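So this one's coords.tsv, TSV, C-alpha atoms:
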```tsv
chain	number	residue	atom	x	y	z
Y	592	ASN	CA	18.00	-8.07	46.80
Y	593	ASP	CA	18.30	-10.66	44.00
Y	594	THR	CA	20.61	-13.03	42.10
Y	595	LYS	CA	20.96	-10.92	38.90
Y	596	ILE	CA	19.60	-13.49	36.45
Y	597	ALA	CA	19.64	-11.35	33.30
Y	598	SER	CA	22.13	-13.85	31.80
Y	599	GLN	CA	23.93	-17.16	32.34
Y	600	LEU	CA	26.73	-18.62	30.22
Y	601	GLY	CA	25.80	-21.29	30.54
Y	602	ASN	CA	23.89	-24.56	30.71
Y	603	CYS	CA	20.17	-25.07	30.09
Y	604	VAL	CA	17.90	-22.91	32.24
Y	605	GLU	CA	14.39	-21.97	31.11
Y	606	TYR	CA	13.96	-18.43	29.84
Y	607	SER	CA	11.60	-15.64	29.02
Y	608	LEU	CA	12.45	-12.83	26.66
Y	609	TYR	CA	9.76	-10.19	26.39
Y	610	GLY	CA	7.11	-12.98	26.56
Y	611	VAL	CA	8.96	-15.36	24.22
Y	612	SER	CA	9.80	-18.49	26.13
Y	613	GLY	CA	11.56	-21.83	26.06
Y	614	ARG	CA	14.43	-23.61	27.73
Y	615	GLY	CA	18.05	-23.64	26.61
Y	616	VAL	CA	21.77	-22.92	26.79
Y	617	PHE	CA	23.07	-19.46	26.05
Y	618	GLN	CA	26.56	-18.60	24.96
Y	619	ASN	CA	28.41	-15.43	24.01
Y	620	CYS	CA	28.73	-15.83	20.25
Y	621	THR	CA	29.29	-13.38	17.40
Y	622	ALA	CA	26.72	-11.09	15.78
Y	623	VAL	CA	24.55	-11.76	12.74
Y	624	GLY	CA	22.10	-9.37	11.21
Y	625	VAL	CA	19.66	-7.79	11.32
Y	626	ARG	CA	20.80	-6.14	14.52
Y	627	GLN	CA	18.09	-4.93	16.89
Y	628	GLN	CA	15.41	-7.27	15.54
Y	629	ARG	CA	16.26	-9.26	18.72
Y	630	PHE	CA	15.24	-12.74	17.72
Y	631	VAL	CA	17.21	-14.70	15.11
Y	632	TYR	CA	15.41	-17.76	13.62
Y	633	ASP	CA	15.98	-20.71	11.29
Y	634	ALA	CA	13.54	-21.98	8.59
Y	635	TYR	CA	11.83	-24.24	11.15
Y	636	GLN	CA	11.29	-21.24	13.49
Y	637	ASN	CA	13.65	-22.53	16.14
Y	638	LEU	CA	15.14	-19.60	17.90
Y	639	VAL	CA	18.77	-19.40	16.88
Y	640	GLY	CA	19.87	-16.63	19.13
Z	18	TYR	CA	-7.47	19.10	21.87
Z	19	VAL	CA	-3.96	19.24	20.39
Z	20	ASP	CA	-2.04	22.52	20.36
Z	21	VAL	CA	-1.52	22.99	16.60
Z	22	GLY	CA	-1.07	26.73	17.30
Z	23	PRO	CA	-3.23	29.72	16.23
Z	24	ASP	CA	-5.64	29.88	13.33
Z	25	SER	CA	-4.16	31.73	10.36
Z	26	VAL	CA	-5.53	35.26	10.21
Z	27	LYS	CA	-6.48	35.44	6.56
Z	28	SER	CA	-9.33	33.41	5.18
Z	29	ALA	CA	-7.79	34.25	1.71
Z	30	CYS	CA	-5.53	32.01	-0.38
Z	31	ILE	CA	-3.19	32.24	-3.34
Z	32	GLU	CA	-4.94	31.25	-6.56
Z	33	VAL	CA	-4.27	27.80	-7.84
Z	34	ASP	CA	-4.09	27.48	-11.62
Z	35	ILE	CA	-4.39	23.96	-12.96
Z	36	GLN	CA	-1.57	23.27	-15.39
Z	37	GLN	CA	-1.92	19.47	-15.47
Z	38	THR	CA	-1.07	19.05	-19.18
Z	39	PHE	CA	2.52	20.12	-18.38
Z	40	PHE	CA	2.93	17.17	-16.06
Z	41	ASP	CA	2.32	14.38	-18.50
Z	42	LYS	CA	5.62	12.51	-18.51
Z	43	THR	CA	6.66	8.96	-19.24
Z	44	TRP	CA	9.09	7.51	-16.72
Z	45	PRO	CA	7.71	4.08	-15.63
Z	46	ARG	CA	9.54	2.16	-12.91
Z	47	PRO	CA	8.78	-1.61	-12.63
Z	48	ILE	CA	9.81	-3.28	-9.44
Z	49	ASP	CA	13.11	-5.01	-9.58
Z	50	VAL	CA	12.24	-7.83	-7.28
Z	51	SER	CA	15.68	-9.42	-7.71
Z	52	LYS	CA	17.11	-6.33	-5.98
Z	53	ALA	CA	14.43	-6.75	-3.27
Z	54	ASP	CA	12.88	-3.47	-4.38
Z	55	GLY	CA	9.79	-2.61	-2.38
Z	56	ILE	CA	10.22	-5.45	0.06
Z	57	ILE	CA	8.95	-4.86	3.53
Z	58	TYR	CA	11.08	-6.62	6.07
Z	59	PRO	CA	9.14	-9.25	8.23
Z	60	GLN	CA	7.97	-8.17	11.66
Z	61	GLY	CA	9.86	-9.02	14.85
Z	62	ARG	CA	12.21	-11.63	13.45
Z	63	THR	CA	15.42	-11.93	11.63
Z	64	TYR	CA	17.18	-14.50	9.59
Z	65	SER	CA	20.58	-15.76	8.53
Z	66	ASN	CA	21.68	-16.14	4.94
Z	67	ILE	CA	19.14	-19.06	4.62
Z	68	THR	CA	16.50	-18.68	1.89
Z	69	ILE	CA	12.89	-18.85	3.09
Z	70	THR	CA	9.43	-18.71	1.58
Z	71	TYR	CA	7.23	-15.87	2.81
Z	72	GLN	CA	3.69	-14.54	2.78
Z	73	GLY	CA	2.72	-10.90	3.24
Z	74	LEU	CA	1.56	-7.71	1.61
Z	75	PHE	CA	3.72	-6.66	-1.38
Z	76	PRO	CA	3.56	-4.52	-4.55
Z	77	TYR	CA	2.92	-6.46	-7.74
Z	78	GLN	CA	6.28	-7.28	-9.39
Z	79	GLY	CA	5.38	-6.07	-12.85
Z	80	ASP	CA	3.73	-2.84	-11.72
Z	81	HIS	CA	5.50	0.24	-13.09
Z	82	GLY	CA	3.59	2.39	-10.56
Z	83	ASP	CA	1.90	5.75	-10.51
Z	84	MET	CA	4.11	8.75	-11.07
Z	85	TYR	CA	3.66	12.23	-9.74
Z	86	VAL	CA	5.84	15.35	-9.96
Z	87	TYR	CA	5.82	18.38	-7.64
Z	88	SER	CA	6.68	21.77	-9.12
Z	89	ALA	CA	7.31	25.42	-8.52
Z	90	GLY	CA	4.43	27.89	-8.73
Z	91	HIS	CA	4.49	30.76	-11.22
Z	92	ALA	CA	6.91	33.47	-10.51
Z	93	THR	CA	8.34	36.25	-12.60
Z	94	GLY	CA	11.17	38.67	-12.20
Z	95	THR	CA	12.24	38.59	-8.57
Z	96	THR	CA	8.79	37.84	-7.08
Z	97	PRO	CA	6.04	35.15	-6.65
Z	98	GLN	CA	2.95	34.90	-8.92
Z	99	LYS	CA	-0.18	32.66	-8.86
Z	100	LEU	CA	0.36	28.93	-8.41
Z	101	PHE	CA	0.84	26.48	-11.30
Z	102	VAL	CA	0.04	22.93	-10.27
Z	103	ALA	CA	-1.03	19.51	-11.41
Z	104	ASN	CA	-4.65	18.38	-10.94
Z	105	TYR	CA	-3.57	15.61	-8.46
Z	106	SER	CA	-6.04	16.88	-5.79
Z	107	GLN	CA	-8.80	15.21	-7.83
Z	108	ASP	CA	-7.01	11.81	-7.77
Z	109	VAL	CA	-9.11	9.98	-5.23
Z	110	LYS	CA	-8.03	6.42	-4.61
Z	111	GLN	CA	-9.68	3.59	-2.83
Z	112	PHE	CA	-7.41	2.44	-0.05
Z	113	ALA	CA	-5.91	-0.91	-1.09
Z	114	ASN	CA	-4.48	-2.43	2.07
Z	115	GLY	CA	-1.63	0.07	2.12
Z	116	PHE	CA	0.99	1.31	-0.29
Z	117	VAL	CA	4.69	1.91	-0.78
Z	118	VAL	CA	6.52	4.75	-2.45
Z	119	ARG	CA	9.89	5.70	-3.91
Z	120	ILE	CA	11.46	9.01	-3.04
Z	121	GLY	CA	14.46	10.57	-4.70
Z	122	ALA	CA	14.58	7.96	-7.47
Z	123	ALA	CA	15.70	10.48	-10.08
Z	124	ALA	CA	18.25	12.18	-7.66
Z	125	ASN	CA	21.82	13.07	-8.78
Z	126	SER	CA	20.72	13.40	-12.40
Z	127	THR	CA	19.17	16.07	-14.56
Z	128	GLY	CA	15.77	16.49	-16.13
Z	129	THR	CA	13.48	19.38	-16.75
Z	130	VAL	CA	11.47	21.88	-14.71
Z	131	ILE	CA	8.19	20.36	-16.05
Z	132	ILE	CA	6.03	23.42	-15.41
Z	133	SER	CA	8.52	25.52	-17.47
Z	134	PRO	CA	10.54	22.54	-18.81
Z	135	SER	CA	12.57	24.53	-21.38
Z	136	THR	CA	14.93	25.55	-18.52
Z	137	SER	CA	16.20	21.91	-18.26
Z	138	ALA	CA	17.20	22.30	-14.56
Z	139	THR	CA	18.90	19.50	-12.62
Z	140	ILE	CA	16.57	17.45	-10.46
Z	141	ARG	CA	16.66	16.78	-6.73
Z	142	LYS	CA	14.78	14.81	-4.12
Z	143	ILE	CA	11.58	16.30	-2.67
Z	144	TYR	CA	9.38	14.86	0.09
Z	145	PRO	CA	5.64	14.09	-0.72
Z	146	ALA	CA	2.55	14.96	1.35
Z	147	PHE	CA	-0.58	12.78	1.76
Z	148	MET	CA	-4.07	12.51	3.19
Z	149	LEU	CA	-6.11	9.45	4.27
Z	150	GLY	CA	-9.63	8.88	5.56
Z	151	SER	CA	-12.84	6.86	5.67
Z	152	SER	CA	-14.92	8.92	3.28
Z	153	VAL	CA	-14.89	11.31	0.36
Z	154	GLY	CA	-17.40	13.41	-1.54
Z	155	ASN	CA	-17.94	16.54	-3.53
Z	156	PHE	CA	-16.56	19.93	-2.59
Z	157	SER	CA	-19.28	22.57	-2.49
Z	158	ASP	CA	-18.04	23.71	-5.99
Z	159	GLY	CA	-18.40	20.08	-7.26
Z	160	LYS	CA	-14.66	19.31	-7.07
Z	161	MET	CA	-13.61	15.72	-6.27
Z	162	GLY	CA	-12.11	14.48	-2.99
Z	163	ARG	CA	-13.59	16.55	-0.15
Z	164	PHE	CA	-13.15	14.53	3.03
Z	165	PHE	CA	-15.43	13.67	5.90
Z	166	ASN	CA	-14.93	13.51	9.66
Z	167	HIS	CA	-11.20	13.22	10.59
Z	168	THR	CA	-8.32	12.48	8.32
Z	169	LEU	CA	-4.73	11.49	8.52
Z	170	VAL	CA	-2.28	14.02	7.32
Z	171	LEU	CA	1.30	13.36	6.63
Z	172	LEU	CA	3.13	16.52	5.96
Z	173	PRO	CA	6.84	17.32	5.69
Z	174	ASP	CA	7.32	20.77	7.09
Z	175	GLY	CA	9.67	23.34	5.77
Z	176	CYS	CA	12.71	21.38	4.69
Z	177	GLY	CA	12.70	17.59	4.42
Z	178	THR	CA	14.33	17.35	7.88
Z	179	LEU	CA	10.98	17.75	9.68
Z	180	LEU	CA	7.99	15.48	9.42
Z	181	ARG	CA	4.59	15.72	11.10
Z	182	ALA	CA	1.54	13.50	11.32
Z	183	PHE	CA	-2.02	14.55	12.21
Z	184	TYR	CA	-5.36	12.91	13.00
Z	185	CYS	CA	-7.84	15.77	13.34
Z	186	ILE	CA	-10.51	17.40	11.18
Z	187	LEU	CA	-10.53	20.16	8.55
Z	188	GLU	CA	-12.86	23.13	8.10
Z	189	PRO	CA	-13.33	25.04	4.76
Z	190	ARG	CA	-12.54	28.74	4.40
Z	191	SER	CA	-14.68	31.44	2.74
Z	192	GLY	CA	-11.78	33.55	1.41
Z	193	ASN	CA	-10.89	34.04	-2.19
Z	194	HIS	CA	-9.56	30.89	-3.76
Z	195	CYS	CA	-10.47	28.75	-0.76
Z	196	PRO	CA	-12.96	25.84	-0.27
Z	197	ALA	CA	-16.08	27.65	1.01
Z	198	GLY	CA	-15.39	30.60	-1.35
Z	199	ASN	CA	-16.89	30.38	-4.81
Z	200	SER	CA	-13.65	31.62	-6.44
Z	201	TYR	CA	-12.06	28.27	-5.49
Z	202	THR	CA	-10.24	26.20	-8.03
Z	203	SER	CA	-8.41	23.46	-6.18
Z	204	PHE	CA	-6.62	22.84	-2.91
Z	205	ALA	CA	-2.85	23.13	-2.75
Z	206	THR	CA	-0.13	23.85	-0.19
Z	207	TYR	CA	3.11	25.69	-0.58
Z	208	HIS	CA	6.56	26.49	0.64
Z	209	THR	CA	8.46	29.76	0.22
Z	210	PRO	CA	12.31	29.25	0.21
Z	211	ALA	CA	12.96	32.99	0.31
Z	212	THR	CA	12.15	32.99	4.05
Z	213	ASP	CA	11.28	29.36	4.77
Z	214	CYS	CA	14.17	27.01	5.47
Z	215	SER	CA	16.63	29.61	6.70
Z	216	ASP	CA	20.01	27.97	7.03
Z	217	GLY	CA	20.34	28.79	10.74
Z	218	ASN	CA	16.60	28.40	11.44
Z	219	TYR	CA	14.59	26.10	9.25
Z	220	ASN	CA	10.95	27.00	9.31
Z	221	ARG	CA	9.33	24.19	11.20
Z	222	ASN	CA	5.80	25.45	10.56
Z	223	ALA	CA	6.20	26.50	6.92
Z	224	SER	CA	4.17	23.84	5.25
Z	225	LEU	CA	1.68	23.73	8.08
Z	226	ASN	CA	0.94	27.37	7.88
Z	227	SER	CA	0.30	27.19	4.18
Z	228	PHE	CA	-2.04	24.25	4.93
Z	229	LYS	CA	-3.81	26.43	7.50
Z	230	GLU	CA	-4.44	29.07	4.89
Z	231	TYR	CA	-6.90	26.79	3.06
Z	232	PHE	CA	-8.38	24.94	6.02
Z	233	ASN	CA	-9.10	25.74	9.60
Z	234	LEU	CA	-7.97	22.80	11.66
Z	235	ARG	CA	-10.66	21.80	14.14
Z	236	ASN	CA	-11.01	19.27	16.92
Z	237	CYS	CA	-7.54	17.91	16.50
Z	238	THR	CA	-6.96	14.66	18.34
Z	239	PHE	CA	-3.49	13.64	17.29
Z	240	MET	CA	-0.21	15.08	16.24
Z	241	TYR	CA	3.24	13.49	16.04
Z	242	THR	CA	6.61	14.64	14.75
Z	243	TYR	CA	9.91	13.14	13.57
Z	244	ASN	CA	13.51	14.11	12.78
Z	245	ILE	CA	15.01	13.50	9.32
Z	246	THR	CA	18.31	14.53	7.78
Z	247	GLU	CA	18.96	15.19	4.10
Z	248	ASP	CA	20.17	12.45	1.81
Z	249	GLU	CA	19.89	12.30	-2.01
Z	250	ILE	CA	20.24	8.47	-1.80
Z	251	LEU	CA	16.88	6.87	-2.55
Z	252	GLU	CA	14.45	6.19	0.27
Z	253	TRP	CA	11.43	3.95	0.58
Z	254	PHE	CA	8.33	4.71	2.54
Z	255	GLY	CA	4.93	3.26	3.07
Z	256	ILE	CA	1.78	2.83	5.08
Z	257	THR	CA	-0.24	-0.17	6.19
Z	258	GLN	CA	-3.25	-0.70	8.40
Z	259	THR	CA	-4.07	-3.51	10.80
Z	260	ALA	CA	-6.58	-4.02	13.62
Z	261	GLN	CA	-3.81	-2.46	15.87
Z	262	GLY	CA	-4.05	0.71	13.73
Z	263	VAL	CA	-2.04	2.38	11.02
Z	264	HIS	CA	1.71	1.76	10.76
Z	265	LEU	CA	4.57	3.66	9.15
Z	266	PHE	CA	7.52	2.18	7.35
Z	267	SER	CA	10.74	3.45	5.93
Z	268	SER	CA	14.06	2.26	4.71
Z	269	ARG	CA	15.84	5.30	6.13
Z	270	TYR	CA	16.13	4.28	9.74
Z	271	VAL	CA	17.92	0.96	9.22
Z	272	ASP	CA	18.92	0.23	5.64
Z	273	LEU	CA	19.99	3.33	3.76
Z	274	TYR	CA	21.69	1.43	0.98
Z	275	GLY	CA	19.83	-1.88	0.55
Z	276	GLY	CA	16.42	-0.15	0.66
Z	277	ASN	CA	14.60	-2.74	2.80
Z	278	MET	CA	11.61	-1.18	4.56
Z	279	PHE	CA	11.28	-1.31	8.38
Z	280	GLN	CA	8.56	-0.15	10.72
Z	281	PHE	CA	9.88	3.17	11.86
Z	282	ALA	CA	6.69	4.24	13.62
Z	283	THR	CA	3.08	3.42	14.38
Z	284	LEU	CA	-0.13	5.41	14.78
Z	285	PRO	CA	-2.96	5.19	17.43
Z	286	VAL	CA	-5.73	5.48	14.87
Z	287	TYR	CA	-7.48	2.26	13.90
Z	288	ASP	CA	-10.43	3.85	12.14
Z	289	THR	CA	-10.67	2.11	8.78
Z	290	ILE	CA	-9.15	3.99	5.90
Z	291	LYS	CA	-11.23	3.76	2.80
Z	292	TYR	CA	-9.61	6.50	0.75
Z	293	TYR	CA	-6.23	7.91	-0.08
Z	294	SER	CA	-4.88	10.86	-1.97
Z	295	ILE	CA	-1.68	12.76	-2.54
Z	296	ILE	CA	-1.59	16.38	-1.43
Z	297	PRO	CA	-0.35	18.78	-4.21
Z	298	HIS	CA	2.30	21.26	-3.20
Z	299	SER	CA	4.30	24.02	-4.72
Z	300	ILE	CA	7.47	26.03	-4.42
Z	301	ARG	CA	7.17	29.88	-4.22
Z	302	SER	CA	10.83	30.53	-5.21
Z	303	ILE	CA	11.99	33.13	-7.71
Z	304	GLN	CA	11.74	32.02	-11.33
Z	305	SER	CA	15.47	32.39	-12.12
Z	306	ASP	CA	16.20	30.48	-8.87
Z	307	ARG	CA	13.70	27.72	-9.74
Z	308	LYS	CA	14.85	24.11	-9.58
Z	309	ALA	CA	13.42	20.97	-11.13
Z	310	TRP	CA	12.28	18.21	-8.79
Z	311	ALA	CA	12.90	14.45	-8.97
Z	312	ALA	CA	10.13	12.05	-9.99
Z	313	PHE	CA	8.04	10.41	-7.29
Z	314	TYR	CA	6.38	6.95	-7.40
Z	315	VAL	CA	3.52	5.02	-5.74
Z	316	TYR	CA	2.72	1.25	-5.75
Z	317	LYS	CA	-0.16	-0.73	-4.15
Z	318	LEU	CA	0.08	-3.71	-1.78
Z	319	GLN	CA	-1.33	-7.23	-2.45
Z	320	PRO	CA	-1.35	-10.60	-0.40
Z	321	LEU	CA	1.45	-12.15	-2.52
Z	322	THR	CA	4.00	-14.82	-1.63
Z	323	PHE	CA	7.75	-14.80	-2.29
Z	324	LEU	CA	11.06	-16.49	-2.01
Z	325	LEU	CA	13.31	-14.31	0.08
Z	326	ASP	CA	17.08	-14.41	-0.21
Z	327	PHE	CA	18.32	-13.08	3.06
Z	328	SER	CA	21.84	-11.80	3.43
Z	329	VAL	CA	23.99	-12.98	6.28
Z	330	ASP	CA	23.47	-9.37	7.63
Z	331	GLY	CA	19.72	-10.12	7.25
Z	332	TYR	CA	19.00	-7.61	4.57
Z	333	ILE	CA	16.84	-9.12	1.97
Z	334	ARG	CA	18.89	-9.03	-1.18
Z	335	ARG	CA	16.83	-10.94	-3.73
Z	336	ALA	CA	13.26	-12.17	-4.06
Z	337	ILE	CA	10.93	-14.14	-6.37
Z	338	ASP	CA	7.24	-13.30	-6.92
Z	339	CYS	CA	5.79	-16.78	-7.25
Z	340	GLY	CA	2.90	-15.81	-9.51
Z	341	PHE	CA	4.70	-13.49	-11.93
Z	342	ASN	CA	5.38	-16.15	-14.56
Z	343	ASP	CA	5.79	-19.89	-14.77
Z	344	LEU	CA	9.52	-19.69	-14.30
Z	345	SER	CA	9.00	-17.82	-11.07
```
Let me see the file written as structure tokens.
Amino acid sequence: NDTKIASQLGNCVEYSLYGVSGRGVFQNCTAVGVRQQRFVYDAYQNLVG
Amino acid sequence: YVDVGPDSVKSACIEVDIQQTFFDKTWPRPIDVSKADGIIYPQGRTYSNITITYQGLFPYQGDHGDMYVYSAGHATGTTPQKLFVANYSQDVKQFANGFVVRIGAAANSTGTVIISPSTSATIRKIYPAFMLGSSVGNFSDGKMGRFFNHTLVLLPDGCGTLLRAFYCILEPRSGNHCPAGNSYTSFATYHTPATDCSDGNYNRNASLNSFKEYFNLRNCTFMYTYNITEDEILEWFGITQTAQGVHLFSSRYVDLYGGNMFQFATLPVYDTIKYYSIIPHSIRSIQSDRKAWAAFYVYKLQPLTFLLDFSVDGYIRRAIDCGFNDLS
């Protein structure tokens, strides 16, 4: 009985991922390692993907 | 309490002869930090091929480590004889905010038997056993390292494909060559390849039962088990402790070739560990069928900082210990 919000692709809708949160656009890009660490980050700790 | 299974029937044990002078060998192994040796991967995050600074527990870069070698017990003819082992049971260590180890480092090469080194047998990977706890003291015969209350046990069982962890207590036995007996020398455990590790039925309790022959497990509160498969390629392993409890790390689960450690498992026990030791073990195989075992190494963690050169696949490929020298 819901809208199935597990993903959008995409614009800029706030998100929560296992208690990590922020707002942003998601897009279906390619993979980078390490796989299954879930959260990819840059040197400034911005989530990358 | 945990169903460890029945108490072994005999209070008796196989005699343990200390042959420690046979085990003095010189094979130091300094950490090659530019290969990211001994690097524990950061928790819960990953990175691109960007280089970043980092702070965390690590082995000292110049440390060549502590080396230990497991060996076969005495045997003659076609049958087993009294055990021949190193005096490693007496090697009590203060816990030092965790440690890391190398397993199989000498694999796919040859060496010597060590205990009967003239045979010059080829060497192969063997999995180590350990014990951890909050206190130590004298054995009733004055031997070093008796433990108090409950201790962690990490024991491979049978072949290297089975691993078990425990968090219960141990009780001494009054049989010949056992801890409450006065014929006791030192604690050891053993495996017997003649019946243990059958090819169609590996003996899942083999090492555990030989452990039971020296100590009666009592009041056990935890047990865990894991599945492993054989691989002569080198593996890394280690243990750390935090206010969330003890954690287990290995390179095997994720990075078989690069060797970066990952947290494969965690443990419920947060009781502070103040002491650590390696459990001695021996092989009960026939003397003509005896095989040499690969060298095993241990290193201790410190609150060091490093450059980390992540790969685009996020494996750490190179690192710099800042304090090693002025160039670093």
Interface list for chain Y, partner chain Z, 10 Å threshold, only C-alpha atoms, as a short mmCIF file (atom, residue, chain, number, x, y, z; two decimals) with C-alpha atoms, in the coordinates of the input:
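Wrote it out as result32.cif, contents follow:
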```
data_model
loop_
_atom_site.label_atom_id
_atom_site.label_comp_id
_atom_site.auth_asym_id
_atom_site.auth_seq_id
_atom_site.Cartn_x
_atom_site.Cartn_y
_atom_site.Cartn_z
CA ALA Y 622 26.72 -11.09 15.78
CA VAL Y 623 24.55 -11.76 12.74
CA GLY Y 624 22.10 -9.37 11.21
CA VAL Y 625 19.66 -7.79 11.32
CA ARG Y 626 20.80 -6.14 14.52
CA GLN Y 627 18.09 -4.93 16.89
CA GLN Y 628 15.41 -7.27 15.54
CA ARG Y 629 16.26 -9.26 18.72
CA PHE Y 630 15.24 -12.74 17.72
CA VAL Y 631 17.21 -14.70 15.11
CA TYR Y 632 15.41 -17.76 13.62
CA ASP Y 633 15.98 -20.71 11.29
CA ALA Y 634 13.54 -21.98 8.59
CA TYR Y 635 11.83 -24.24 11.15
CA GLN Y 636 11.29 -21.24 13.49
CA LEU Y 638 15.14 -19.60 17.90
CA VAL Y 639 18.77 -19.40 16.88
CA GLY Y 640 19.87 -16.63 19.13
#
```
> Suppose you want the space between CA of residue 616 in chain Y and CA of residue 637 in chain Y; what is it in Å?
Replying inline: 13.4 Å
Listed atoms of range 273-276 of chain Z boxed along x, y and z, 5 Å each side, centre and edge lengths in Å, one decimal, as JSON:
```
{"center_x": 19.1, "center_y": 0.7, "center_z": 2.2, "size_x": 15.3, "size_y": 15.2, "size_z": 13.2}
```
>> Distance cut-off 10 Å, centre (-21.4, 7.6, 6.0) in file coordinates, counting all atoms listed in the file: which residues qualify? Return them as an NGL selection string.
In response: :Z and (151-153 or 165-166)
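The protein and nucleic acid residues lying at most 6 Å from range 285-302 of chain Z are residues 88, 89, 90, 97, 109, 110, 111, 112, 146, 147, 148, 149, 150, 151, 205, 206, 207, 208, 209, 210 and 262 of chain Z, with only C-alpha atoms considered and sequence neighbours fewer than 2 positions away removed.
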>> Please compute the CA of residue 241 in chain Z-CA of residue 180 in chain Z distance, one decimal, in Å.
In response: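 These atoms are spaced 8.4 Å apart.
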> Residues around (2.5, -1.2, 14.7), cut-off 7 Å, counting all atoms listed in the file - what are they as a count of residues only?
Replying inline: 6
>> Between CA of residue 121 in chain Z and CA of residue 273 in chain Z, what is the distance in Å, rounded to a tenth?
In response: 12.4 Å
>> Residues within 8 Å of residue 118 in chain Z, please, as a VMD selection string. Count only C-alpha atoms; anything in the same chain fewer than 2 positions from it doesn't count.
In response: chain Z and resid 116 120 253 to 255 313 to 316
>> Can you pull out the residues contacting range 183-185 of chain Z? Cut-off 8 Å, using only C-alpha atoms, and skip same-chain residues under 4 positions away; I want them as a VMD selection string.
In response: chain Z and resid 167 to 171 234 to 241 286
>> Give me, as JSON, numbers by chain, all polymer residues having an atom no more than 12 Å from residue 597 in chain Y, counting all atoms listed in the file and skipping those fewer than 6 positions away in the same chain.
In response: {"Y": [604, 606, 607, 608, 617]}
> Can you list, as a ChimeraX atom specification, every protein, DNA or RNA residue that comes within 9 Å of residue 243 in chain Z when you count all atoms listed in the file, leaving out same-chain residues fewer than 6 positions away?
Replying inline: /Z:178-182
Selection above as a file: C-alpha atoms, as a PDB file, in the frame of the given file:
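Dumped everything to again.pdb:
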```pdb
ATOM      1  CA  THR Z 178      14.330  17.350   7.880  1.00  0.00           C
ATOM      2  CA  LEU Z 179      10.980  17.750   9.680  1.00  0.00           C
ATOM      3  CA  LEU Z 180       7.990  15.480   9.420  1.00  0.00           C
ATOM      4  CA  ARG Z 181       4.590  15.720  11.100  1.00  0.00           C
ATOM      5  CA  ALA Z 182       1.540  13.500  11.320  1.00  0.00           C
TER       6      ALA Z 182
END
```
> With only C-alpha atoms as the basis for distance, which of Z:56, Z:124, Z:303, Z:132 is at the shortest distance from residue 276 in chain Z?
Replying inline: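 Of the candidates, the smallest distance to residue 276 in chain Z is held by Z:56.
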